[PDB]
2 protein chains.
Amino acid sequence: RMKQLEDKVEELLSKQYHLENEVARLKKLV
Amino acid sequence: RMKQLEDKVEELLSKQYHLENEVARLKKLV
């Protein structure tokens with residue numbers, strides 16, 4: 001079922017952006 | 001197309017994991 005899969009993608013993809021910038025923030029401090 | 005959507009979710013989990021590992025590494029770092 002497409003929309004849920006489609007939904008899960010848009011879901012994962014946003015967590016990815018938030019983790020990515022976290023690291024980035026962490027690298028400075030360290 | 002479904003199998004495409006399916007593969008995208010799977011590829012995104014692998015990125016996510018790598019990411020959490022890193023953020024962890026970076027955490028100890030503090």
# chains A, B, ... in the order shown; residues from 1 in each chain; ligands from 1
call {"tool": "calpha_fit_and_write", "arguments": {"fixed": "chain B", "moving": "chain A", "output": "PDB file with C-alpha atoms, in the first residue's frame"}}
result
ATOM      1  CA  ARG A   1       5.760   0.987  -7.754  1.00  0.00           C
ATOM      2  CA  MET A   2       6.427  -1.135  -4.628  1.00  0.00           C
ATOM      3  CA  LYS A   3       9.967  -2.500  -4.894  1.00  0.00           C
ATOM      4  CA  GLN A   4      11.508   0.868  -5.470  1.00  0.00           C
ATOM      5  CA  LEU A   5       9.561   2.325  -2.486  1.00  0.00           C
ATOM      6  CA  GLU A   6      10.428  -0.828  -0.547  1.00  0.00           C
ATOM      7  CA  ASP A   7      14.043  -0.300  -1.691  1.00  0.00           C
ATOM      8  CA  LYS A   8      14.064   3.345  -0.632  1.00  0.00           C
ATOM      9  CA  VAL A   9      12.876   2.309   2.837  1.00  0.00           C
ATOM     10  CA  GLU A  10      15.624  -0.248   3.308  1.00  0.00           C
ATOM     11  CA  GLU A  11      17.882   2.410   1.930  1.00  0.00           C
ATOM     12  CA  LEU A  12      16.927   5.192   4.330  1.00  0.00           C
ATOM     13  CA  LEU A  13      16.778   2.805   7.280  1.00  0.00           C
ATOM     14  CA  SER A  14      20.464   1.833   6.899  1.00  0.00           C
ATOM     15  CA  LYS A  15      21.548   5.466   6.725  1.00  0.00           C
ATOM     16  CA  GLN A  16      19.602   5.947   9.866  1.00  0.00           C
ATOM     17  CA  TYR A  17      21.659   3.266  11.680  1.00  0.00           C
ATOM     18  CA  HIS A  18      24.885   4.807  10.497  1.00  0.00           C
ATOM     19  CA  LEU A  19      23.937   8.340  11.603  1.00  0.00           C
ATOM     20  CA  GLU A  20      22.620   7.131  14.953  1.00  0.00           C
ATOM     21  CA  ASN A  21      25.893   5.367  15.847  1.00  0.00           C
ATOM     22  CA  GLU A  22      27.768   8.414  14.675  1.00  0.00           C
ATOM     23  CA  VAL A  23      26.074  10.621  17.156  1.00  0.00           C
ATOM     24  CA  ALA A  24      26.574   8.004  19.790  1.00  0.00           C
ATOM     25  CA  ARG A  25      30.342   8.010  18.963  1.00  0.00           C
ATOM     26  CA  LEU A  26      30.367  11.823  18.948  1.00  0.00           C
ATOM     27  CA  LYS A  27      28.706  12.076  22.387  1.00  0.00           C
ATOM     28  CA  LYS A  28      31.516  10.243  23.996  1.00  0.00           C
ATOM     29  CA  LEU A  29      34.369  12.261  22.510  1.00  0.00           C
ATOM     30  CA  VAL A  30      32.243  15.240  23.662  1.00  0.00           C
TER      31      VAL A  30
END
